[PDB]
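> Structure file protein36.txt (compact mmCIF, C-alpha atoms and all ligand atoms) right here:
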```
# COMPACT_ATOMS: atom_id res chain seq x y z
CA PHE E 1042 68.31 -54.48 -56.67
CA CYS E 1043 65.61 -56.29 -58.67
CA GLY E 1044 66.56 -59.84 -57.76
CA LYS E 1045 69.83 -61.76 -57.75
CA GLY E 1046 71.41 -62.05 -61.20
CA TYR E 1047 70.83 -60.10 -64.38
CA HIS E 1048 67.32 -58.69 -64.00
CA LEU E 1049 64.76 -59.27 -66.76
CA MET E 1050 61.28 -58.50 -65.39
CA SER E 1051 59.12 -58.63 -62.28
CA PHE E 1052 55.47 -59.38 -61.53
CA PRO E 1053 53.81 -57.78 -58.49
CA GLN E 1054 51.55 -59.83 -56.24
CA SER E 1055 49.39 -58.45 -53.45
CA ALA E 1056 49.70 -59.49 -49.81
CA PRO E 1057 48.13 -58.67 -46.42
CA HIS E 1058 49.68 -55.32 -45.37
CA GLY E 1059 52.30 -55.53 -48.10
CA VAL E 1060 53.34 -56.43 -51.63
CA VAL E 1061 55.29 -59.43 -52.96
CA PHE E 1062 57.51 -59.29 -56.05
CA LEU E 1063 58.59 -62.13 -58.35
CA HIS E 1064 61.96 -61.08 -59.79
CA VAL E 1065 62.95 -62.96 -62.96
CA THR E 1066 66.73 -63.16 -63.33
CA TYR E 1067 69.30 -64.53 -65.77
CA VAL E 1068 72.12 -66.50 -64.14
CA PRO E 1069 75.03 -68.18 -65.99
CA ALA E 1070 75.37 -71.88 -65.26
CA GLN E 1071 78.26 -73.84 -66.83
CA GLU E 1072 81.58 -72.03 -67.21
CA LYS E 1073 84.59 -73.20 -69.21
CA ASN E 1074 88.26 -72.26 -69.14
CA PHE E 1075 89.84 -70.51 -72.12
CA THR E 1076 93.10 -68.81 -73.08
CA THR E 1077 92.67 -65.10 -73.75
CA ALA E 1078 94.66 -62.20 -75.18
CA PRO E 1079 93.85 -58.47 -75.30
CA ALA E 1080 94.65 -57.90 -78.99
CA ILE E 1081 95.80 -59.56 -82.21
CA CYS E 1082 98.90 -58.73 -84.25
CA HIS E 1083 98.21 -58.64 -87.99
CA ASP E 1084 100.75 -57.09 -90.42
CA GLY E 1085 102.00 -54.78 -87.68
CA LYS E 1086 98.45 -53.72 -86.75
CA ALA E 1087 96.75 -54.25 -83.38
CA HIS E 1088 93.19 -55.57 -83.69
CA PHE E 1089 90.78 -55.20 -80.75
CA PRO E 1090 87.28 -56.73 -80.46
CA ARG E 1091 84.32 -54.45 -81.08
CA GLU E 1092 82.04 -56.33 -78.67
CA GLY E 1093 83.39 -59.50 -77.08
CA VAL E 1094 86.67 -61.14 -76.13
CA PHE E 1095 89.32 -63.27 -77.79
CA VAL E 1096 89.38 -66.92 -76.73
CA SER E 1097 91.46 -69.92 -77.74
CA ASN E 1098 90.72 -73.64 -77.63
CA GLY E 1099 94.38 -74.54 -78.22
CA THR E 1100 94.74 -74.23 -81.99
CA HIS E 1101 92.41 -71.43 -83.14
CA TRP E 1102 91.37 -68.00 -81.86
CA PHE E 1103 87.76 -66.81 -81.84
CA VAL E 1104 85.74 -63.75 -80.88
CA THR E 1105 82.89 -64.44 -78.47
CA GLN E 1106 80.39 -62.47 -76.44
CA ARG E 1107 80.88 -61.99 -72.71
CA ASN E 1108 77.91 -63.80 -71.15
CA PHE E 1109 77.64 -66.75 -73.56
CA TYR E 1110 80.07 -68.97 -75.46
CA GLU E 1111 79.31 -68.20 -79.11
CA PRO E 1112 82.66 -68.43 -80.92
CA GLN E 1113 83.12 -66.73 -84.28
CA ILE E 1114 85.96 -66.30 -86.76
CA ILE E 1115 88.07 -63.17 -86.26
CA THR E 1116 87.10 -60.83 -89.11
CA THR E 1117 87.48 -57.11 -89.68
CA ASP E 1118 83.75 -56.61 -89.06
CA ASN E 1119 83.93 -57.50 -85.35
CA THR E 1120 87.41 -56.03 -84.80
CA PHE E 1121 88.89 -52.55 -85.08
CA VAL E 1122 92.48 -51.47 -85.71
CA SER E 1123 94.35 -49.23 -83.26
CA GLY E 1124 98.08 -48.53 -83.32
CA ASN E 1125 100.87 -51.07 -83.74
CA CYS E 1126 102.11 -54.17 -81.92
CA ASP E 1127 104.87 -52.57 -79.82
CA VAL E 1128 102.66 -50.99 -77.11
CA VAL E 1129 100.07 -53.52 -75.94
CA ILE E 1130 101.26 -56.00 -73.30
CA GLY E 1131 100.21 -59.59 -73.93
CA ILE E 1132 99.46 -59.39 -77.66
CA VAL E 1133 99.52 -62.62 -79.69
CA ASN E 1134 99.82 -63.46 -83.39
CA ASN E 1135 96.86 -64.55 -85.51
CA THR E 1136 95.60 -64.01 -89.05
CA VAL E 1137 92.67 -61.58 -89.10
CA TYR E 1138 90.33 -62.65 -91.89
CA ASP E 1139 88.91 -60.10 -94.32
CA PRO E 1140 85.78 -60.84 -96.41
CA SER X 746 65.47 -51.97 -1.92
CA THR X 747 62.17 -53.85 -1.60
CA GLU X 748 59.46 -51.20 -1.07
CA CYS X 749 60.67 -49.47 -4.24
CA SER X 750 60.29 -52.81 -6.02
CA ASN X 751 56.74 -53.22 -4.70
CA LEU X 752 55.72 -49.74 -5.86
CA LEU X 753 57.38 -50.47 -9.21
CA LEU X 754 55.20 -53.58 -9.47
CA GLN X 755 52.20 -51.36 -8.71
CA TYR X 756 53.15 -49.08 -11.61
CA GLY X 757 52.59 -51.92 -14.06
CA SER X 758 54.44 -52.99 -17.21
CA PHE X 759 56.51 -50.00 -18.30
CA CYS X 760 59.81 -51.80 -17.64
CA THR X 761 58.85 -54.75 -19.85
CA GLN X 762 58.06 -52.34 -22.70
CA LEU X 763 61.42 -50.58 -22.28
CA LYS X 764 63.31 -53.90 -22.14
CA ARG X 765 61.46 -55.14 -25.25
CA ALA X 766 62.30 -51.91 -27.11
CA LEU X 767 66.00 -52.18 -26.24
CA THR X 768 66.03 -55.86 -27.25
CA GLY X 769 64.48 -54.94 -30.60
CA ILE X 770 67.11 -52.22 -31.07
CA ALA X 771 69.93 -54.70 -30.38
CA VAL X 772 68.51 -57.34 -32.75
CA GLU X 773 68.10 -54.65 -35.44
CA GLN X 774 71.76 -53.63 -34.99
CA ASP X 775 72.83 -57.26 -35.46
CA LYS X 776 70.63 -57.45 -38.57
CA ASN X 777 72.26 -54.30 -40.00
CA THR X 778 75.76 -55.68 -39.40
CA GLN X 779 74.74 -58.93 -41.13
CA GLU X 780 73.04 -57.15 -44.04
CA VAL X 781 75.84 -54.73 -44.95
CA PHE X 782 78.72 -57.23 -44.99
CA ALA X 783 77.28 -60.76 -45.40
CA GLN X 784 76.45 -60.45 -49.09
CA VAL X 785 78.99 -62.82 -50.64
CA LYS X 786 78.07 -66.51 -50.64
CA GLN X 787 81.55 -68.05 -50.45
CA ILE X 788 84.75 -66.83 -48.80
CA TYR X 789 87.05 -66.16 -51.74
CA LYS X 790 90.80 -65.72 -51.35
CA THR X 791 93.56 -64.17 -53.43
CA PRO X 792 96.02 -66.32 -55.42
CA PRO X 793 99.71 -66.26 -54.43
CA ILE X 794 100.51 -64.50 -57.73
CA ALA L 845 92.42 -45.01 -9.59
CA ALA L 846 89.07 -43.80 -8.13
CA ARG L 847 85.91 -44.90 -10.03
CA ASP L 848 85.24 -44.64 -13.75
CA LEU L 849 82.19 -44.19 -15.94
CA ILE L 850 82.01 -47.78 -17.23
CA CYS L 851 82.03 -49.27 -13.72
CA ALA L 852 79.49 -46.67 -12.55
CA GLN L 853 77.12 -47.55 -15.38
CA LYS L 854 77.75 -51.28 -14.88
CA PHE L 855 76.99 -51.04 -11.15
CA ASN L 856 73.84 -49.02 -11.85
CA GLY L 857 72.49 -51.69 -14.21
CA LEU L 858 73.42 -50.47 -17.71
CA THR L 859 75.28 -53.13 -19.70
CA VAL L 860 76.66 -53.25 -23.24
CA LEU L 861 76.10 -56.50 -25.12
CA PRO L 862 78.83 -57.70 -27.49
CA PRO L 863 78.10 -57.72 -31.23
CA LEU L 864 77.33 -61.02 -32.91
CA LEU L 865 80.00 -60.68 -35.62
CA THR L 866 83.50 -60.00 -34.35
CA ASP L 867 85.97 -57.74 -36.14
CA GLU L 868 87.87 -60.81 -37.40
CA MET L 869 84.71 -62.07 -39.14
CA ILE L 870 84.00 -58.59 -40.52
CA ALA L 871 87.55 -58.44 -41.91
CA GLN L 872 87.05 -61.94 -43.36
CA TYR L 873 83.91 -60.74 -45.17
CA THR L 874 85.70 -57.66 -46.54
CA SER L 875 88.68 -59.78 -47.63
CA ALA L 876 86.34 -62.23 -49.39
CA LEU L 877 84.52 -59.39 -51.18
CA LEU L 878 87.82 -57.74 -52.17
CA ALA L 879 89.34 -60.99 -53.47
CA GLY L 880 86.20 -61.76 -55.45
CA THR L 881 86.14 -58.24 -56.93
CA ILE L 882 89.82 -58.38 -57.93
CA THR L 883 89.78 -61.90 -59.36
CA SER L 884 86.38 -61.82 -61.11
CA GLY L 885 85.11 -58.26 -61.62
CA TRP L 886 81.33 -58.30 -61.24
CA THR L 887 80.57 -61.90 -62.26
CA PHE L 888 80.72 -63.26 -58.71
CA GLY L 889 77.80 -61.02 -57.79
CA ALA L 890 75.70 -62.27 -60.70
CA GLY L 891 76.53 -65.98 -60.40
CA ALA L 892 79.55 -68.21 -60.01
CA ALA L 893 82.90 -66.43 -59.95
CA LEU L 894 84.69 -66.45 -63.31
CA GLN L 895 88.40 -65.69 -63.49
CA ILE L 896 89.55 -62.88 -65.79
CA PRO L 897 92.83 -60.93 -66.20
CA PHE L 898 92.79 -57.56 -64.47
CA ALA L 899 93.77 -55.60 -67.58
CA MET L 900 90.81 -57.16 -69.38
CA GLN L 901 88.58 -56.28 -66.42
CA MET L 902 89.75 -52.65 -66.60
CA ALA L 903 89.01 -52.75 -70.34
CA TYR L 904 85.47 -53.81 -69.40
CA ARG L 905 85.28 -50.83 -67.01
CA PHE L 906 86.53 -48.42 -69.68
CA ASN L 907 84.00 -49.72 -72.22
CA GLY L 908 81.38 -49.29 -69.50
CA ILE L 909 82.21 -45.63 -68.90
CA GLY L 910 82.48 -44.94 -72.63
CA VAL L 911 86.18 -44.94 -73.57
CA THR L 912 87.51 -47.48 -76.05
CA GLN L 913 89.83 -50.08 -74.55
CA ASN L 914 92.85 -49.20 -76.71
CA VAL L 915 93.28 -46.16 -74.43
CA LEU L 916 93.76 -48.50 -71.46
CA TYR L 917 95.91 -50.98 -73.38
CA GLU L 918 98.20 -48.16 -74.53
CA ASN L 919 98.27 -46.24 -71.22
CA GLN L 920 98.42 -49.23 -68.85
CA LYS L 921 101.67 -48.29 -67.08
CA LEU L 922 100.55 -44.67 -66.56
CA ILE L 923 97.15 -45.80 -65.25
CA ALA L 924 98.78 -48.29 -62.86
CA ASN L 925 101.22 -45.63 -61.62
CA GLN L 926 98.34 -43.18 -61.05
CA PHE L 927 96.37 -45.82 -59.13
CA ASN L 928 99.37 -46.69 -56.92
CA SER L 929 100.08 -43.00 -56.23
CA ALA L 930 96.41 -42.43 -55.37
CA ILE L 931 96.41 -45.37 -52.93
CA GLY L 932 99.59 -44.02 -51.32
CA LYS L 933 98.02 -40.56 -51.03
CA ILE L 934 94.94 -42.07 -49.34
CA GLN L 935 97.06 -43.98 -46.83
CA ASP L 936 99.17 -40.86 -46.14
CA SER L 937 96.03 -38.76 -45.61
CA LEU L 938 94.62 -41.36 -43.21
CA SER L 939 97.97 -41.53 -41.38
CA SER L 940 98.20 -37.75 -40.97
CA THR L 941 94.65 -36.38 -40.74
CA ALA L 942 92.35 -37.88 -38.10
CA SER L 943 89.33 -35.68 -38.92
CA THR D 696 81.39 -70.96 -33.77
CA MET D 697 79.42 -69.38 -36.62
CA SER D 698 80.47 -70.52 -40.10
CA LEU D 699 80.78 -67.68 -42.61
CA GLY D 700 80.53 -69.95 -45.64
CA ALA D 701 82.38 -72.31 -47.91
CA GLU D 702 86.04 -71.79 -48.78
CA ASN D 703 86.74 -71.04 -52.45
CA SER D 704 89.72 -69.82 -54.45
CA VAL D 705 89.45 -68.25 -57.90
CA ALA D 706 92.01 -69.68 -60.33
CA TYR D 707 93.36 -66.32 -61.47
CA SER D 708 96.15 -66.24 -64.06
CA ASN D 709 97.67 -63.92 -66.64
CA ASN D 710 95.78 -65.40 -69.61
CA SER D 711 93.00 -67.60 -68.20
CA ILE D 712 89.34 -66.62 -68.62
CA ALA D 713 86.11 -68.42 -67.73
CA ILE D 714 83.09 -68.05 -70.00
CA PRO D 715 79.66 -69.68 -69.49
CA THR D 716 78.16 -71.88 -72.19
CA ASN D 717 74.76 -72.29 -70.50
CA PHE D 718 72.41 -70.39 -68.22
CA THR D 719 69.41 -70.72 -65.92
CA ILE D 720 66.30 -68.65 -65.23
CA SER D 721 65.39 -67.94 -61.61
CA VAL D 722 62.30 -66.55 -59.89
CA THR D 723 62.94 -64.88 -56.53
CA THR D 724 60.30 -63.71 -54.04
CA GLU D 725 60.84 -60.38 -52.27
CA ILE D 726 58.40 -59.45 -49.50
CA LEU D 727 57.94 -55.83 -48.41
CA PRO D 728 55.42 -54.31 -45.98
CA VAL D 729 53.47 -51.30 -47.23
CA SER D 730 50.85 -50.23 -44.67
CA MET D 731 50.01 -50.93 -41.03
CA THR D 732 46.81 -50.88 -38.97
CA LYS D 733 44.85 -47.61 -38.84
CA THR D 734 44.20 -47.60 -35.12
CA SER D 735 42.33 -44.87 -33.27
CA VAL D 736 42.05 -44.13 -29.56
CA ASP D 737 39.11 -42.57 -27.73
CA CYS D 738 41.21 -40.61 -25.24
CA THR D 739 38.49 -39.43 -22.84
CA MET D 740 36.72 -42.79 -22.70
CA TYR D 741 39.99 -44.71 -22.30
CA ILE D 742 41.21 -42.50 -19.45
CA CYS D 743 37.91 -42.06 -17.61
CA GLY D 744 35.42 -44.79 -18.51
CA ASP D 745 32.50 -42.31 -18.67
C1 LIG J 1201 71.65 -76.11 -70.45
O1 LIG J 1201 70.94 -76.54 -69.28
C2 LIG J 1201 69.66 -77.14 -69.55
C3 LIG J 1201 69.03 -77.42 -68.20
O2 LIG J 1201 69.71 -76.74 -67.16
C4 LIG J 1201 69.84 -78.38 -70.41
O3 LIG J 1201 68.56 -78.89 -70.76
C5 LIG J 1201 68.46 -80.30 -70.44
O4 LIG J 1201 69.03 -81.13 -71.48
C6 LIG J 1201 68.96 -82.54 -71.20
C7 LIG J 1201 69.65 -83.25 -72.34
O5 LIG J 1201 68.72 -83.68 -73.32
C8 LIG J 1201 67.50 -82.97 -71.02
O6 LIG J 1201 67.46 -84.35 -70.66
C9 LIG J 1201 66.82 -82.13 -69.95
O7 LIG J 1201 65.44 -82.45 -69.88
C10 LIG J 1201 66.98 -80.64 -70.26
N1 LIG J 1201 66.39 -79.83 -69.21
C11 LIG J 1201 65.42 -78.94 -69.44
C12 LIG J 1201 64.92 -78.19 -68.24
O8 LIG J 1201 64.97 -78.74 -70.56
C13 LIG J 1201 70.61 -78.03 -71.68
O9 LIG J 1201 70.90 -79.21 -72.43
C14 LIG J 1201 71.92 -77.31 -71.35
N2 LIG J 1201 72.60 -76.90 -72.57
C15 LIG J 1201 73.60 -77.59 -73.12
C16 LIG J 1201 74.19 -77.01 -74.37
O10 LIG J 1201 74.03 -78.62 -72.62
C1 LIG J 1202 88.86 -74.74 -65.04
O1 LIG J 1202 87.72 -74.05 -64.48
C2 LIG J 1202 87.37 -74.44 -63.14
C3 LIG J 1202 86.13 -73.67 -62.77
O2 LIG J 1202 85.44 -73.22 -63.92
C4 LIG J 1202 88.55 -74.17 -62.21
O3 LIG J 1202 88.23 -74.61 -60.90
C5 LIG J 1202 89.79 -74.89 -62.71
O4 LIG J 1202 90.91 -74.56 -61.90
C6 LIG J 1202 90.09 -74.50 -64.16
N1 LIG J 1202 91.24 -75.25 -64.66
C7 LIG J 1202 92.17 -74.71 -65.45
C8 LIG J 1202 93.29 -75.63 -65.86
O5 LIG J 1202 92.12 -73.54 -65.82
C1 LIG J 1203 89.40 -75.73 -81.85
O1 LIG J 1203 88.18 -75.41 -82.56
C2 LIG J 1203 88.25 -75.58 -83.98
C3 LIG J 1203 86.91 -75.13 -84.54
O2 LIG J 1203 86.03 -76.23 -84.71
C4 LIG J 1203 88.58 -77.03 -84.32
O3 LIG J 1203 88.72 -77.16 -85.73
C5 LIG J 1203 89.87 -77.44 -83.62
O4 LIG J 1203 90.12 -78.83 -83.85
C6 LIG J 1203 89.79 -77.18 -82.12
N1 LIG J 1203 91.05 -77.52 -81.47
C7 LIG J 1203 91.19 -78.45 -80.53
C8 LIG J 1203 89.95 -79.19 -80.12
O5 LIG J 1203 92.28 -78.69 -80.01
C1 LIG J 1204 104.57 -62.43 -84.35
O1 LIG J 1204 105.13 -62.17 -85.66
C2 LIG J 1204 106.27 -61.30 -85.66
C3 LIG J 1204 106.65 -61.08 -87.11
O2 LIG J 1204 108.06 -60.97 -87.26
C4 LIG J 1204 107.40 -61.93 -84.83
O3 LIG J 1204 108.50 -61.03 -84.80
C5 LIG J 1204 106.91 -62.22 -83.42
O4 LIG J 1204 107.92 -62.90 -82.69
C6 LIG J 1204 105.64 -63.07 -83.45
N1 LIG J 1204 105.15 -63.37 -82.11
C7 LIG J 1204 104.70 -62.49 -81.19
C8 LIG J 1204 104.26 -63.09 -79.89
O5 LIG J 1204 104.64 -61.28 -81.40
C1 LIG J 1205 102.36 -63.37 -65.18
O1 LIG J 1205 103.27 -62.37 -65.68
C2 LIG J 1205 104.27 -61.95 -64.74
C3 LIG J 1205 105.07 -60.86 -65.42
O2 LIG J 1205 104.70 -60.72 -66.78
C4 LIG J 1205 105.12 -63.14 -64.31
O3 LIG J 1205 106.04 -62.72 -63.31
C5 LIG J 1205 104.23 -64.25 -63.76
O4 LIG J 1205 105.01 -65.40 -63.47
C6 LIG J 1205 103.14 -64.62 -64.77
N1 LIG J 1205 102.26 -65.64 -64.23
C7 LIG J 1205 101.80 -66.67 -64.96
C8 LIG J 1205 100.91 -67.63 -64.24
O5 LIG J 1205 102.09 -66.81 -66.14
```
In structure tokens, write the structure found in this file.


Amino acid sequence: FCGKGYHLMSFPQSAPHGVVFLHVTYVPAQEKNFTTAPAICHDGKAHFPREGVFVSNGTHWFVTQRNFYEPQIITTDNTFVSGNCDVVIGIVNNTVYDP
Amino acid sequence: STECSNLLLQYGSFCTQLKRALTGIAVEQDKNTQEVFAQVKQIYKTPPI
Amino acid sequence: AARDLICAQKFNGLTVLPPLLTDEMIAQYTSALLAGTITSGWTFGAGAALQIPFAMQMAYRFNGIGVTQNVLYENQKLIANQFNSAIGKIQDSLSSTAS
Amino acid sequence: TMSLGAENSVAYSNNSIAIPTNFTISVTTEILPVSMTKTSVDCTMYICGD
């Protein structure tokens, strides 16, 4: 609606018999491939991300936000526990850190 | 007929206005068909899986 | 068989121009939009298309509407069955009712 | 024949995701008309010429 991308702000400019907008938008640029899983098994508990997704670079699993690659260690602060490991399809094993 | 055509030329430029209006309607219909559907930039396709 | 309305209006000077985009091109546009929606969610609208598993995309949709994603990841088979039954009901209603 | 666009195929898989590491900021111009000319017609003078 307000430009192409994720809209931030606009500045109106006048025109003969009309108005001209300047939509400022946020657009992602350089994507990368990652291995993902919906949840993490830990001592028979299913951990889900509070805000973000699980990614893997081959050897370690991280929690990151959706629109930017900012990897972080899987803690109990950014994850929440729900149920056990026998329900979710595609769960993987990792050690959820606790501070 | 020819005498009808001569009297139609005496009546002026109504037919040009009607033809221009219908041409504008047709171009607007083409613009609507372009605007509703032609929003994606590249023609994606589904994987075989 | 006698004279019809389309030949009468063609002989009297009333023609019907063909549309610029044929139905094959319109179906190609809808197929491209559908494939982009299925394989990338909403990211292809914002920028470049980013692949994502469909269960994770539905978890994004559930977090958008306000339900935590463990509900989806525990009721995935029931949700898929309900979606398939709804699609079959829509195609049966379009097959039967022409109104 | 009109070309609809480039041909692309999303590499969908069961466990493959694509996440951006960088962005860009764009400025897009949208032009909209608002008002037209306020014409007025002297009907008697146009029809008759006094
Ligand atoms: C994200 O993209 C921007 C530009 O799109 C990159 O900024 C450029 O970085 C190079 C490397 O030093 C410079 O030579 C250019 O002058 C920079 N451009 C601008 C406009 O500042 C930036 O490096 C990218 N981010 C990462 C992490 O690579
Ligand atoms: C990596 O990502 C690019 C686009 O981001 C895609 O074209 C390519 O197929 C991906 N490769 C793998 C191995 O996932
Ligand atoms: C994955 O990232 C971690 C974090 O820095 C790093 O220690 C590890 O070597 C990486 N694995 C690779 C590059 O295979
Ligand atoms: C995770 O650990 C459990 C613990 O016994 C094991 O049974 C299971 O095979 C492991 N892997 C997965 C993918 O669940
Ligand atoms: C995805 O999973 C399904 C069933 O779990 C399997 O049939 C298919 O081969 C898998 N595809 C990939 C690319 O792993």

> Give as a list in words the set of residues within 8 Å of the point (51.7, -55.6, -49.4), where distances use the file's coordinates and all atoms listed in the file.

residues 1055, 1056, 1057, 1058, 1059, 1060 and 1061 of chain E; 726, 727, 728, 729 and 730 of chain D

> Residues within 12 Å of ligand LIG 1201 (chain J) (all atoms listed in the file), as an MDAnalysis selection string?

(chainID E and resid 1068:1072 1109:1111) or (chainID D and resid 715:721)

> Please identify the residues whose atoms come within 7 Å of ligand LIG 1204 (chain J), using all atoms listed in the file, and report them as JSON, numbers by chain.

{"E": [1082, 1132, 1133, 1134]}

> Output as a list in words the set of chain X residues within 12 Å of chain E, with distances taken over all atoms listed in the file.

residues 784, 785 and 786 of chain X

> Using all atoms listed in the file, pick whichever of D:701, D:706, D:722, D:738 has the shortest atom-to-atom distance to ligand LIG 1202 (chain J).

D:706

> Using only C-alpha atoms and all ligand atoms, find each protein or nucleic acid residue lying at most 8 Å from ligand LIG 1203 (chain J); present the set as a ChimeraX atom specification.

/E:1097-1102

> To check your reading of the model: which residues sit at most 9 Å from ligand LIG 1205 (chain J) when counting all atoms listed in the file? Write the answer as a VMD selection string.

(chain E and resid 1130 to 1131) or (chain X and resid 794) or (chain D and resid 707 to 711)
